[PDB]
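So the chains spell out like this:
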There are 2 protein chains.
Amino acid sequence: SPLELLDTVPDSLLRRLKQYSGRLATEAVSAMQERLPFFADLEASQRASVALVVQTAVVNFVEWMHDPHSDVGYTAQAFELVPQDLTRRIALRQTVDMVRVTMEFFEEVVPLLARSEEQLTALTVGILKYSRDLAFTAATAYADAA
Amino acid sequence: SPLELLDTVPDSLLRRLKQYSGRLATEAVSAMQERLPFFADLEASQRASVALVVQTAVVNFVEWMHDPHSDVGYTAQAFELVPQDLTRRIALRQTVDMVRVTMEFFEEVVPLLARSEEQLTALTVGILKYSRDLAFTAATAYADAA
């Protein structure tokens, strides 16, 4: 089962992932700069903050992989946009575009840490499940706020 | 690569999937009735229309699996809510809840048609990728309308 696939992923790899989280987040933001026109227009301060959020997401993913409990995690950090709701009016579409590019980026990269096909498949399934599951929880959070 | 995994899925299985689409859509709606309290409160007409939409989604998934072109498909049917925008004011949250339950249901079921682990993994990856990719395109469509 695809669940049994997840179980096969060493803490080794997960530990490694959290270790490299900040690098990945920087690379993700670079990919955003390339793929999203408006992203290059953002302030360096804002770009940095986004990258922080990406980094936290990476860490949360890693925790989820350990216990997909989705309740043990209990780590829904929210300090994004604390300075300002839609800080500098970041546009709904743009934020979606950013989330997309982020998830696409991780779909491309995270499997590569795997050391074996089994682990590779595990990681591809894990990231895809998380990405979706996360986007769902985000969408519900936006519905709640509406 | 997870892409090579998709290539391994016979038209046999995909053809079968589209054939069973309406049954699946009915089963999905049953699962929605069970998991979503407000869904039981919907009119039989509306429930039926939802199931139609689910059915179309199934078919679109199958097409996507053949060519993940995402442009050849060119099949973004929209007659949902033609009678009424948010027909009978269906609530943003509720629609998200429905999409979630639908995708969860398909994540659970669609892999089972596979006849081999390779195909099973392919299907799990395929559905998870599609579900996410679809939810993204939906979210952008909602951002555009805002």
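An account of the accompanying structure is given in this report. (Residues numbered from 1 in each chain as written, not as in the entry; some residues may be left out. Chains lettered and ligands numbered in written order. Heavy atoms only, no water.)

1. Observations regarding the nonpolar core
For step 1, the next point in the chain: Counting residues in hydrophobic clusters, the biggest one holds 73 residues, and the most contacted among them are A:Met32, A:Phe39, B:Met32 and B:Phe39.
For step 2, the next point in the chain: Not counting the four nearest positions on each side in its chain, A:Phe39 is found in contact with A:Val29, A:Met32, A:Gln33, A:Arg47, A:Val50 and A:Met98. (Core = buried A, V, L, I, M, F, W, Y, C linked by side-chain atoms within 4.5 Å. Buried < 20%, exposed > 50% of the residue type's maximum accessible area, 1.4 Å probe, protein only. Contact = heavy atoms within 4.5 Å.)

2. Some thoughts on the environment of B:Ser30
For step 1, the next point in the chain: Within the secondary structure, B:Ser30 is located in helix α2 (residues 11-35).
For step 2, the next point in the chain: A C-alpha to C-alpha distance of 9.3 Å links B:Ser30 and B:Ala40, two positions 10 residues apart in sequence. (Helix = DSSP H or I, 4+ residues; strand = E, 2+ residues; numbered from the N terminus.)

3. A few points about the packing of helix α4 (residues 92-109) of chain A against helix α5 (residues 117-145) of chain A
Residue and element names in this part refer to chain A.
For step 1, the next point in the chain: Packing of α4 against α5 brings their axes to within 10 Å, and their N-to-C directions diverge by 165°. Classified by the angle between their axes, α4 and α5 sit roughly antiparallel to one another. Crossing of α4 against α5: the hand is right-handed. Within the contact between the two elements, α4 uses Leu92, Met103, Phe106 and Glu107 and α5 uses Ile127, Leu128, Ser131, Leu134, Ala135 and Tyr142. (Axes fitted to C-alpha atoms, helices over the stretch in contact; angles between N-to-C directions. Parallel < 35°, antiparallel > 145°, perpendicular 65-115°, else oblique. Left-handed = near helix turned anticlockwise from the far one by under 90°.)

4. Some details on the relation of the copies chain A and chain B
Both copies of the chain are related by one operation, a rotation about an axis with a shift along it.
For step 1, the next point in the chain: Least-squares fitting of chain A to chain B yields an RMSD of 0.0 Å, with the superposition described by an axial translation of 0.0 Å and a rotation of 180°. The relationship between the two copies is best expressed as a two-fold rotation axis. Looking at the rotation axis and the C-alpha trace of chain A, the residue lying nearest is A:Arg132, at 2.4 Å.
For step 2, the next point in the chain: The residues that chain A uses at the interface reappear at the interface of chain B in 100% of cases, marking a shared surface. (Least-squares fit on C-alpha atoms.)

5. What about the side chain of A:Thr102?
Residue and element names in this part refer to chain A.
For step 1, the next point in the chain: Among the structural elements, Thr102 can be located in helix α4.
For step 2, the next point in the chain: Classification of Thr102 as buried rests on a relative accessible area of 11%.
For step 3, the next point in the chain: Dropping the residues within four chain positions of it, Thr102 is found in contact with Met32 and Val54.

6. What about the interface of chain A and chain B?
For step 1, the next point in the chain: Each partner contributes residues to the interface: chain A has 28 residues there, and chain B has 28 residues.
For step 2, the next point in the chain: Taken over both partners, the interface formed by chain A and chain B buries close to 2400 Å², and the fraction arising from carbon and sulfur atoms is 70%.
For step 3, the next point in the chain: Considering only the surface of chain A that becomes buried against chain B, A:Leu128, A:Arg132 and A:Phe136 emerge as the three largest contributors, covering 26% of it.
For step 4, the next point in the chain: In this structure, the connection of chain A to chain B is made through 6 salt bridges.
For step 5, the next point in the chain: Note that A:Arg132 and B:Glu107 form a salt bridge whose closest N and O atoms lie 2.3 Å from each other.
For step 6, the next point in the chain: Linking chain A to chain B there are 8 residue pairs in polar contact.
For step 7, the next point in the chain: Sorting the residues of the side of chain A that touches chain B by element identifies α1 (2-7), α4 and α5 of chain A as the ones contributing at least two each.
For step 8, the next point in the chain: Of all the elements, α5(A) adds the most residues to the side of chain A that touches chain B, at 16 residues. (Buried area = accessible area lost by both parts, 1.4 Å probe. Salt bridge = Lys/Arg side-chain N within 4 Å of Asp/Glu carboxyl O. Polar contact = N/O pair within 3.5 Å; in protein donor to acceptor, adjacent residues only side chain to side chain.)

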